[PDB]
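Shown next as structure tokens: one chain only, the form deposited in one PDB entry.
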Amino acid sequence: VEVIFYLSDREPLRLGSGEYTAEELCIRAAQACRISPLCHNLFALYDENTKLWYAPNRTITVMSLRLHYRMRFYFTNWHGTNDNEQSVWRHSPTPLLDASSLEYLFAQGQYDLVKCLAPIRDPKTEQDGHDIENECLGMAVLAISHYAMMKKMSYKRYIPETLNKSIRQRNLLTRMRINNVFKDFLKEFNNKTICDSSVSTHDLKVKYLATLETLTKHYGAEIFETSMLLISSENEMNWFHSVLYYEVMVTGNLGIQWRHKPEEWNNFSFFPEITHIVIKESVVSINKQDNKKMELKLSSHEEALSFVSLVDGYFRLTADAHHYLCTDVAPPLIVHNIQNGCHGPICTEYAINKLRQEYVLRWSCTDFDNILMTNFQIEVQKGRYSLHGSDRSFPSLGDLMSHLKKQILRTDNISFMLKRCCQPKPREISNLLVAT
């Protein structure tokens, strides 16, 4: 049992016997990769063998199992370098990703490109195909250039393995040719372009990923297959019931769409329109506000949990940060935070504003072991909660609060007592939500 990172300098987390949840392993993973509390929910555990994701609440018990720490949730053109496509941003009282997440995504992107989890798009013509191969050489140049730039200093290990096997089938002269062309690209890029266009590492990673969005098939999207699909509203009933024949695609920007497996994708729903999701065995039922619903049969209960985890996560990212659509995949932290009236890693400004409107409890934007109370630090040590500086802990946040409310809190030349908590409200705006 081990959790793997696409970052090279980061060794994998090995786990001993005992129970874990995917969430806390993701917490540990985040801390290991210096991923901020803000970006944590963008990540999840992926089993490269079963090709399934873990729900935040999935219990893991220790055998030998290789799980992958992956950025799962994605919004095309988060980078904003695509002047044609849509613009993505976090609300402010602001980009989606921070440097940590960006680095990890870059590493993951390289991994996906090379190992072909991000398969290169199909060619429209021979010429287009060659152009694609050339772009791949470009990508290799970007990767290498970035590596050299980072440490202050062959293309084979930086291109999709498919293209590698393809190139290995051509005559030796052509391979020498490809080498020469690549060397020329690399040289010309590092000698002229880096300086001329003042290309930083950031720009580099951005162009790389931005290029992945157009170079590869369905980047950042998750496609699920089914042979039993039902869409029903007060206007229509479409019942598809034939090998699998139908596809349901999930993306952050467009939401839930579906089609016949080779047609243009049909829009079923964006996430804020969803009221709830029910799972029964392999059957997933998604319900919208206008009572329009989708039902589909997946291949297992696990795949159902995977799917609903994806949709629920996106809902949390786009609609309501402190809500869950399905008990089966309900993240422990979201539940416990709902129960304790505690906010996610919101900006302090939001907290202040919320106080102006009508104390506030919020997780820290800096580290995972702290709850900020509005500014005062509360420490969370291995299941136990306590006030920073003190030496008395409690089995839960509630008990701490109960004890805390009875105290006269003193700051420099000021004394007061905690009054009431302004807990989160439904679908309220904050930097935890992605505007699209």
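Only residues modelled in both forms are compared. Rigid core here is just the name for the largest C-alpha set that superposes within 1.5 Å across the two forms. Note that residue numbering follows the sequence shown and begins at 1.
As for the form deposited in another entry, it is not shown, yet the points below apply to it.
With the rigid core aligned between the shown form and the other one, only one of 234, 281, 122, 126 has a CA shift of 2 Å or more: 234.
Put the two forms on the same core and the Cα of residue 31 is off by less than 2 Å between the shown form and the other one.
In the core-superposed comparison between the shown form and the other one, residue 47 has its Cα shifted by less than 2 Å.
Core-superposed comparison between the shown form and the other one: the Cα of residue 399 travels 2 Å or more.
Where the rigid core is used as the reference frame, consecutive stretches of 3+ residues with C-alpha displacements of 2 Å or more between the shown form and the other one occur at 234-237, 389-393, 398-404.
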